[PDB]
Amino acid sequence: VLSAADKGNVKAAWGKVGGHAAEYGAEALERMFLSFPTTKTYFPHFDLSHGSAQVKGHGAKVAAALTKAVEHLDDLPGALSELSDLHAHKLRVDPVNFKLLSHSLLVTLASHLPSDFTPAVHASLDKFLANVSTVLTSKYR
Amino acid sequence: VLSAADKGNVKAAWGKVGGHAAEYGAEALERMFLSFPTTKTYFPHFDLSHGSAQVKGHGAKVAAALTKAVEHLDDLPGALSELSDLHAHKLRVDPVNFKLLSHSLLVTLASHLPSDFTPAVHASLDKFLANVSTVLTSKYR
Amino acid sequence: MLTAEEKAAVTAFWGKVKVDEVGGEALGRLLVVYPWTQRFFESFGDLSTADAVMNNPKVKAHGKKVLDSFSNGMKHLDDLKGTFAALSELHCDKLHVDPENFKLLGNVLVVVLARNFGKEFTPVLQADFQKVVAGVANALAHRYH
Amino acid sequence: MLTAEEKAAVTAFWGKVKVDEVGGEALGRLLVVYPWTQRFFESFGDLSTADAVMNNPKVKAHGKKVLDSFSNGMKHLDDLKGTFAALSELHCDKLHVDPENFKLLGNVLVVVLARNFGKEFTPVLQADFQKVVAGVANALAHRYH
Ligand code: HEM
Ligand code: HEM
Ligand code: HEM
Ligand code: HEM
């Protein structure tokens, strides 16, 4: 449960992302792959080279799911249902990876929204991504 | 975010503890202090020696809180609100410490309920303790 | 790590441990309690239920291997680093197991020792063992550090 | 941990870094984003609000100190262990800082570098700095390891 203040911050930030959401999700993946090479082990079927269309494509999907969570900040568990199943139950992604992607996401946003990325916005998004991660790692059974 | 199966396992386990909750609370603290000395820094003015009436007393407080939690597995936030305020806002206990206490508590139970501490029970108690920790670390505000 | 004192305490107690038994239990509980670790043992067959895991022959056998590796480091408590070099290479370099998992297994082992020895597994004894699993975990994640 | 090409890249980017500004912002955001950390900076006064924090002079002050530490490490990318050995005993043995926090500060600094350099802070450059903050955190936590 995010505060209403937190929710306003998320909504506002994602608002400025707007139409670049898909490009930021792709950039976030690329940064994750480069910074934390072990994350690459979850995509052995992917072409992981700079500018790959698989990564670009997957990035659009990640952004879409984040948009959906933003538009449903009140029922994350509900909104991210099949995603928890996939990640926790089918892929069995190690919880540590979620922290790596969150970080990659914050670095991307800070870089594109310097003015808007205030200590306060930072804290809110941090909390948002954590919640997201929590939901995605709830169904390990 | 405990499945029905989890709640039944916790309720069952806590029921076996019965009237030893306080003693187990005390032994868990003792095991924590011994195994992870850094935790001792949060109790500046506590004789943390074996038999200290302060560890005893404190162990009884923790045990009470856990019982309260077990009786309110449907509303931990509401059940542990005052304690989140205390631990997070007031004491600013680093979140890693919750994991040390949780482990210490699992060691204690395992030691006293060998036949009841099945793999499934262990899994449920691990999730319960993590959920309790999540609430106590919720109001970092 | 361990003083001579602590070294002796731990060493003495280890001798009461049935590696076959405890090893299968520790590995089975790790897969059960932290299910994401199952991804590395997909090969081991049926891990679908708590029961499937705990009765898995491959789990019991692998568990034995693990505890054996534990037995050894107990013998080389001063150079865990070198004791575990080859394993650190398999786990990190080849498997890419996140080092936090090394800590999870060490803690599960401690829970298993507590369950099996009850009152014999004293706070002080536990404390000694925590130093050990900590040393084991560190030596294995060295290919990272 | 840093290839020669990586070291060069990092080395040249650093030249543009305004340690003073960056340092205060990094320490400030840490206190704001991970509040338990304020426990250690009790003596700084009001940390009550993001505003009180970001603008607190002890914070800004202490932040530049931290960055100065980074720079020196930047100067000895080969002996972070030796370079920080004194700070390690301090943070660990005296302050009792959980080493997970060393990682949090390193990540926060990366976010700050990104916010301040935008476009220039590439995935590749970022990757290079991640290696750097990891080496510093490791070096600070060895009094533990
Ligand atoms: C913020 C957290 C995350 C979100 C919102 C997210 C979102 C998604 C989405 C939307 C898909 C595609 C599912 C579909 O539409 O079929 C997916 C698949 C996948 N995700 Fe994530 N994900 C997250 C974190 C992670 C992490 C941390 C990892 C591992 C490093 C990961 C690994 C994968 C893999 C391996 C797939 C399947 C790829 C495929 O389609 O072949 N995800 N995720
Ligand atoms: C499951 C986790 C925990 C539970 C249920 C719990 C419960 C409690 C309770 C019931 C109290 C007493 C409140 C009162 O009535 O005054 C308390 C106080 C306290 N707790 Fe915890 N606690 C937990 C975790 C921790 C951890 C991990 C630490 C630090 C390592 C910690 C440090 C403290 C301190 C320092 C106090 C105040 C002692 C005093 O000055 O009297 N707690 N806790
Ligand atoms: C104290 C920590 C650990 C120790 C001492 C340990 C020890 C061992 C040993 C002795 C082997 C057998 C190598 C051989 O065939 O001779 C092994 C292999 C293996 N370990 Fe571990 N291990 C630890 C933790 C982990 C963790 C946490 C995971 C994953 C979550 C893991 C995954 C594996 C896998 C998948 C194999 C090999 C299976 C195969 O190749 O058939 N280990 N480990
Ligand atoms: C990359 C990680 C870090 C580096 C490089 C670093 C570096 C430093 C430096 C250079 C000082 C100044 C010492 C002096 O006055 O000579 C210092 C002091 C201090 N640091 Fe850090 N630090 C780091 C992380 C942390 C973290 C995570 C915390 C706590 C949350 C922390 C808490 C403190 C405190 C409380 C002091 C005051 C020392 C004193 O003057 O008594 N540090 N650190």
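Determined via X-ray crystallography, 1.9 Å.
Every residue gets a Cβ built from N, Cα and C, even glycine.
Swiss-Prot has this to say about the protein:
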- D:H62, D:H91: heme b binding site (BINDING)
- D:1-145: domain 'Globin' (DOMAIN)
- D:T11: phosphothreonine (MOD_RES)
- D:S43: phosphoserine (MOD_RES)
- D:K58: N6-acetyllysine (MOD_RES)
- D:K81: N6-acetyllysine (MOD_RES)
- D:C92: S-nitrosocysteine (MOD_RES)
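Around D:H62 (heme b binding site), taking its Cβ as the centre, 16 other Cβ atoms fall within 10 Å, counting all chains. Proximity to chain B, defined as a CB-CB distance below 8 A, holds for none of the recorded positions D:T11, D:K58, D:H62, D:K81, D:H91. Remark: D:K58 (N6-acetyllysine) has D:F41, D:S43, D:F44, D:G45 as non-local neighbours, by Cβ distance under 8 Å and separation of at least 6 in sequence. For the residue listed as 'phosphothreonine', other Cβ atoms within 10 Å of its Cβ number 14. Ranked by Cβ neighbours within 10 A across all protein chains shown, the recorded positions D:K81, D:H91 are led by D:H91.
DSSP classifies D:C92 (S-nitrosocysteine) as helix under the three-state reduction. Note: the CA-CA distance between D:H91 (heme b binding site) and D:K81 (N6-acetyllysine) rounds to 14 Å.
Cβ crowding, taken as the number of other Cβ atoms within 10 Å, peaks at D:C92 among the modified residues D:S43, D:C92. Closest to the residue listed as 'S-nitrosocysteine' in space, going by CA atoms and restricting to the recorded positions D:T11, D:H62, D:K81, is D:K81. On the backbone, the CA of the residue listed as 'phosphothreonine' and the CA of D:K81 (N6-acetyllysine) stand 19 Å apart.
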